[PDB]
Amino acid sequence: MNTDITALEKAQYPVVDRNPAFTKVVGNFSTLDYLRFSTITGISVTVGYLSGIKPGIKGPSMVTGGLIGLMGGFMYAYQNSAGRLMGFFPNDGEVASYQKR
Amino acid sequence: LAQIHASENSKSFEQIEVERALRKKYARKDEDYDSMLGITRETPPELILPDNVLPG
Amino acid sequence: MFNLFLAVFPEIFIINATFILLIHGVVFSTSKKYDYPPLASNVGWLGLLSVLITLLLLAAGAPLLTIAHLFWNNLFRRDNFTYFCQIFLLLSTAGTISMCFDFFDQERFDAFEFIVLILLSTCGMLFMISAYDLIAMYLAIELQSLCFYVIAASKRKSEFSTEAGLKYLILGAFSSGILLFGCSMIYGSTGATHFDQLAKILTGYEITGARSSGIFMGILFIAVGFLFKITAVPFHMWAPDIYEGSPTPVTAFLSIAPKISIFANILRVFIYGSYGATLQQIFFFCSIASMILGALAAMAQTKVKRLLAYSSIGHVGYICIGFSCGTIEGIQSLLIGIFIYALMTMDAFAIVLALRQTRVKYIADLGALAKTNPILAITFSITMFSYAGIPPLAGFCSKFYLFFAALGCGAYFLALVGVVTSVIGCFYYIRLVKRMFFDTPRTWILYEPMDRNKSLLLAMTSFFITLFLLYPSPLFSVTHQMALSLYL
Amino acid sequence: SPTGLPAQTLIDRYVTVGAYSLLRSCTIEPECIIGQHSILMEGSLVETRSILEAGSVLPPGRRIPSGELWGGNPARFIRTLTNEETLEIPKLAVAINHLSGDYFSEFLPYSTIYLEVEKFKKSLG
Amino acid sequence: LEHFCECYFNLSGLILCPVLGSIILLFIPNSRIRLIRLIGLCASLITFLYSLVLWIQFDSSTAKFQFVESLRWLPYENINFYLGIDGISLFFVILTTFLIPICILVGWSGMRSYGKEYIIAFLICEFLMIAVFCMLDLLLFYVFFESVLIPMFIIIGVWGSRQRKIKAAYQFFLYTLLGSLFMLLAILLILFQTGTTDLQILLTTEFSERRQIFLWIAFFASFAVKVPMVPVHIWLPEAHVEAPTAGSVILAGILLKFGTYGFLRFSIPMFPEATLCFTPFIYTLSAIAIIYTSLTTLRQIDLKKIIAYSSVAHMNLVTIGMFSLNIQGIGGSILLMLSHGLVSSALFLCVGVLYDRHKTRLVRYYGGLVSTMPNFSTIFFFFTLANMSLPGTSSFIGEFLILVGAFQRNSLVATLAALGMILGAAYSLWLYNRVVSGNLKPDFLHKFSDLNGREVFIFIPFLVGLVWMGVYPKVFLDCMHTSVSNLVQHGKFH
Amino acid sequence: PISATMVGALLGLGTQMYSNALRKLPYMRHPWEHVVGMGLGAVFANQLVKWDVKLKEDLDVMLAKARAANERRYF
Amino acid sequence: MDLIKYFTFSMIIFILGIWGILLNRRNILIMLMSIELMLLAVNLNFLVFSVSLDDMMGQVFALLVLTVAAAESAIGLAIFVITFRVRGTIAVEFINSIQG
Amino acid sequence: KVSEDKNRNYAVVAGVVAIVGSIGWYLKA
Amino acid sequence: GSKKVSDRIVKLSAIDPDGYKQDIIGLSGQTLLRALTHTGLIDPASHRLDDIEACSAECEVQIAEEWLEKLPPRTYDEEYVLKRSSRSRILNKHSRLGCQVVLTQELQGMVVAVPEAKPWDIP
Amino acid sequence: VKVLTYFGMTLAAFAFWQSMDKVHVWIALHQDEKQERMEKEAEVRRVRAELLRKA
Ligand SMILES: [Fe+3]
């Protein structure tokens, strides 16, 4: 299947890697990325718990909310990391690590 | 009448909480969704008054 | 390969979350161990969270939504116009969901599938906004429509809800068939379904004497389908009956989100394609008919929901006046009108859902509400004066344009219709203020106070309605951005 | 009720029921004043914009016609009310509600008795 | 361009005062009635004093707009709005700030049932009415004028005495909204030509005679409803009669002035050529309204209807003066506008004094009142004379000056307008005699109370103001003549 | 002066009081929520001001491109 | 004349659907079937045009419209069943309560 | 001496994690 | 007490949709609908006000011609409401809106027929 | 219907479709007159707008 990563709007920052691999983007996760991940997951677990009290399923509701939050937070962190590696988001740390390795 | 009033006034804190939750649980209904599930929710006996105090 | 799908991250997330909620609901609603718990509010809260996370993913990934645009080109088209339209659609859906928990708990509407269908229709409208081909447009429209048919009949033992669903399915399937026939004519005549190809084929010629009648009628039938979707007269009579007969949260949802998504489609199809005058005359004549008929029919109504339905018909007439003029300011004003009408309708339906706990049905039921709940009567009076367009409330903004275009595109009969129908609308809106403030009924209805969700939403929307004209710069700038991004 | 009508006790809006009054299955229509130490028996009806004096006794199934002042044991007609007197009845109800606002303001949503119960329990083991 | 002012007392603080009062009164419980009353009255009184200070620093040698301050809407600065006053609008700001505390004081006794809503409605009305008079922009003038409809509708409908207030409030709202809608069309047509709505720029731009005629017709459609001119004046008797007393005071004393103010601020200076063409048309409509409505007033049997109908004839004499387009006519028209807002307001206060006690407006029930309420009878006679334009009263100054200015242009219209001296005397004295003179009728009314301390005090500034203008109008005319002179000269260079 | 932070804090406090009043609760029921609303309103007003500034820049770039495309006509 | 003949075949089916709407004001089941006849005619249009233009896009869309038609029929008949179950009859006089 | 409800304790941990994470999110952006 | 509620009582007979006759009780000066809701013959929740502006003929009753002359003639608004709420859109000559019928002493013993309830609870 | 009725309606429909074939041939035969008439109406509009701009 022929592919093309080229975006409509060009990256406004140094392009460290045009099409970074999945594991490379995951390994690029920063402290802020983990903070976003953890915040989304914790809020989602909390909403699951609180909305589960009335039907009596606070634990299962907690697991469901936590799964939704885990998927959403991982997707958000991946979004940010890959955008930094691709030059779409401000990527000072990516460029500093790239110019050295 | 004295029987139902005496029964209510002598309940303990735990039983008061149990019956408050039950009263909230059975205050309204969705018999349509119940028929979809194929279940019949029944009023718990602790929320049913004896027939001798009912208007009929 | 994986990075290509960064352009569909919001949709992937919302669809997967919808599946998770479907499974969670069906697993624990059937559980004997938990005594078959009603899960409508639980899944509602989890779905509201899902919508907010989708909104976060979409708004924080603005440049990434245009990645791999050539690979994704034959499927959809994401740009700034779509970006802002989708953000607004997600916000509408979140507000509508937050307005449903009291209805779930007090009427004991226990079906969690309601939330699942709302989320699936939100997916469908998200795909509608980015649609860039007649095929994709039709598919997304059908997905949204099927979800609405099912939720319109959700109160399945009610005569009204079953009647609403039946009329919706028949008139909706009829209109969809007409629209599909138009797509077939365009394809047969041009050999093209992509919006870019249709643009290239149709620009520069319009009616150049030897006009393709196939193209012209494909356009006419597609326009008829769109006009049915926006409830423009004479394709409107499904709307008041479905709005009344559907459960009130369904009525609130159908009042806002589908209009945002269908107007996005109309812009990207017509404003962008190129048949020209006829297309705009269609919308001109339908706007006039909508304004007149909506004003008269609303003046005849005695029930709150019907009055709101006819008011929405009149206001889509006012909005479509903007599409008729076919200029940058026309598109900007259409978008501004849509945004303000959506916020006002959300205000009005928050109040209606609050009063539905004591079963409001007639306008006369609001008698002596200024005594029993004075701050609610003020909030509702503000909404009615805003609907009537009395400055400096937000409703004036849209009314101001109507006359600006009427004197810009050189149309004084439109101006006269606007003056007369505005006066009629003012009358039937201030009739509610008279009922709540001036009447002294013998029998009063005491209403239960609203829940926190609706009070917070009402407070925010009411502050917006009273104070928007003080700081209107962001909406003006963003709508100008969207109008420009339609072409560049 | 002996009158055959439904026997719920209905105290309508803007009604002032004077202290130490006994009501059993009676209807009070909106904007009435019931005098202190009054007795309204089963099925009795007080029509709107009426006033009863203190110490009145309304036997079962009796009626106080609208716009009138009654009193006695058993209650008897005294005089017809003027318009101003009838305009003053909802003002009395509103003023009493304004007073009750001051008492409502003295109570927070929860009490602190449970702390006293807790230390009473602890001082017993 | 930040055209902010260097004065300490400016228009923004005056506009903000009653708004702060309303915001504070939003959060006070309805059990603290004393506090609500005091705060409302004090806010209105401080606004009155502030406006008096604005009078004190007025500069009567300039034809420019004074105390001009700019208010910015967009950081693009394309649309930027200005506030300012001249000799034509200063006294109307003063009149608004003075009438509002009167409106609060009139309903003082019923304040335990009116509630804070009554005071807030009047304080909100004050803010919008002051703003309308202080606007240097067509668009803001339009937007602020319609804002008053909401609180006026509320005031009429909620606190009106009987259920005819429903119909009255509807008619008021619908007529006024129609008129304001025609003004909007003209504002948007002007904005299409000029690209602006700034009044000062419009006064320096040239219009074509064709488009001058058309835009003048569009302004007339709103102003003639406001004035009101025949045959679109029939909303007035219903609205001014069914309103509460303070509502009638605001409706007749301030709101009526907005159409004539709009003729002086926009139509007459901005379209000089069209104004000349429509001068026989305005003269005819005003003359008919004076003669016809004066005769209808003669045959009215409701106290408030006689006073309401008298207001129509007085306002159409104002239009004859302003369209005479000379110093006396325009000078007299402004003085009659101010005088009417004091005389008709005082007259609505006299009828309300009678209505609060006996609850009837029919003249047939009253009569003989001089033997039980001599204080009210004397005060009522004085404002009866002022309504007849008796020399020595404030209304005679404006009336005669308008007739002077009309005579120098067209002797026929000045002759028809002078017929109101005979007609206005006939219905004012017939009203006074049927209510005050004669014998009492104990079968209808037998219990009586003269004015109390609050009602006498209410009447004092009306007597002082009427006498002060009637004997020494120079303090007002001096501060006006420079603005009046330049309004007359606008559009000519010889 | 009148900063965005103060307008937003006042708006948020007013939003919490309005909510309490629409629910027939005392204006100051749950005061910690009044504090939370003040903070959220301040944050929202400041962010709206920043967003408006950014929007203006983006619009200027878009308008520049539109005018260039239009001026291309007369070449 | 091949293309015109296939086209008129599909067009007659579409017109028959329109007439079936027009002719069945007491028979709402036949109205649903008339809508299905219109949808079939549209599908035929897409397939014929795909052949005539040597283009595959008409066939892809024909398959997808098939999926949509099946979904519409399933939901439509479900609503018909619940309407009948509530009322006991399918007569049009029992589904006209909402009005004005 | 000890809070027994485990699901309640996990919910408490999640709420604390969300609060500290939001604070860190502000502090590092 | 010289003034009893029995002075205002009006005796009445209503026939329910299953054809069974019942003796109902009402007060003069109050509408026939109030007397009908006392026993639950008509659900009070379906017609809470006595206003023609809050009526979709949920209060409709059928009365024989002998009692129809003892009533004021049906108003234009009343006939409009009755006709539009009819399933066949046909005005029944013996139909009256129960909210617009005020009980008086001359209606003692009036016999009324209560048809099947129309649906009234809009979702 | 009777089977013979369905057969007869089919025969009538077959005749209708052959008539439609004749109509299609008639339309195809008159493309040239359509083209020649269109030549006039478009050129009249040209000579017209050109003359209307000479002044
Ligand atoms: Fe009724």
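The chains referred to below are lettered A, B, ... by the order of the sequence lines, with proteins before strands, and numbering in each begins at 1.
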Could you tell me whether [X] atom [atom1] has more than 12 heavy atoms of other residues or ligands within 6.0 Å of it?
| X | atom1 | result |
| --- | --- | --- |
| B/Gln3 | CD | no |
| C/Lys157 | NZ | yes |
| B/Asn9 | CG | yes |
| B/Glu17 | CD | yes |

Between atom NZ of B/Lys29 and atom CG of C/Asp110, what is the distance when rounded to the nearest 0.5 Å? 12.0 Å
To the closest 0.5 Å, what do you measure between CD1 (B/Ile39) and OH (C/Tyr36)? 6.0 Å
Taking the side chain as every heavy atom from C-beta outward, state whether B/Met36 and C/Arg156 have any pair of such atoms under 4.5 Å apart. yes
For the residue pair B/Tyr33 and C/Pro38, establish whether any side-chain heavy-atom pair is separated by less than 4.5 Å. no
Are any side-chain N or O atoms of C/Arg108 and backbone N or O atoms of B/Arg28, one a donor and one an acceptor, separated by less than 3.5 Å? yes
In residues 99-106 of chain C, what donor-acceptor pairs under 3.5 Å come from side-chain atoms, sequence neighbours left out?
none

